[PDB]
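See below for the structure under consideration.
Coordinate-derived values only; no laboratory data. Don't worry about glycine lacking a Cβ; one is built from the backbone with ideal geometry, like all the others, and counts go over all protein chains shown.
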Amino acid sequence: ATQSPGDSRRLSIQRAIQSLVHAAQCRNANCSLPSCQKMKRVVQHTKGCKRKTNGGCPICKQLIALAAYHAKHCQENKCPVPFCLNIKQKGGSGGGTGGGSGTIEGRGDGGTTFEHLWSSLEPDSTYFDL
Ligand SMILES: [Zn+2]
Ligand SMILES: [Zn+2]
Ligand SMILES: [Zn+2]
């Protein structure tokens, strides 16, 4: 069983994550993918983003979302991607942020509820997949 039906959201998430983990380390001139080359932009920006602690940009936050999926799929405990291990060091639990409750649509259903954050992505999304 490979590429079996389920839901396109899972696939969209997969393509984005796969392209991100790869682009973050892709040093090969051979590699030529639209997702790989666009991801280079966000990874280069985020690798230089230190203002996060004061007031980071939106890309700084949005990157961490997809990297958190790879964080649970990285077999290597010493993740080469710097944001992957950063998520591990934070847990992402919040432990007091409101337990992710009070939503209208998202009562622990769909399994990809976080996807609603893409609704705030730029309408032009010149750095991510529209
Ligand atoms: Zn590549
Ligand atoms: Zn930034
Ligand atoms: Zn990893």
The answer for the net charge of residues other than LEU33 whose Cβ lies under 11 angstrom from its Cβ, with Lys and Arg +1 and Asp and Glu -1, is +3
May I ask for the net charge around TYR69, where only other residues with Cβ less than 14 Å from the Cβ of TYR69 are counted and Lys, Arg are +1 while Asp, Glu are -1?
+4
Counting other beta carbons within 10 Å of each Cβ, put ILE104, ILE64 in order, fewest first.
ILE104, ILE64
Ignoring everything except DSSP H segments at least 4 long, calculate the 222 nm mean residue ellipticity for the chain; use -39,500 (n - 2.57) per segment, divide by total residues, nearest 500.
-13000 deg cm²/dmol
Under the rule rounded for a/c under 1.5, else prolate if a/b exceeds b/c, else oblate, using alpha carbon gyration tensor axes a ≥ b ≥ c, the chain is classed as rounded
Which of the trypsin sites (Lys or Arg not before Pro) found in region 66-130 are loop residues per DSSP with 12 or fewer other Cβ atoms within 10 Å of their Cβ?
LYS72, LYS78, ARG107
State the Cα centre-to-centre distance between region 116-130 and region 76-99 in whole Å.
23
Once the dipole of the chain is set up from charges on Cβ (+1 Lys and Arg, -1 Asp and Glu), the residue from the list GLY100, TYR69, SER12 lying farthest towards its positive end is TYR69
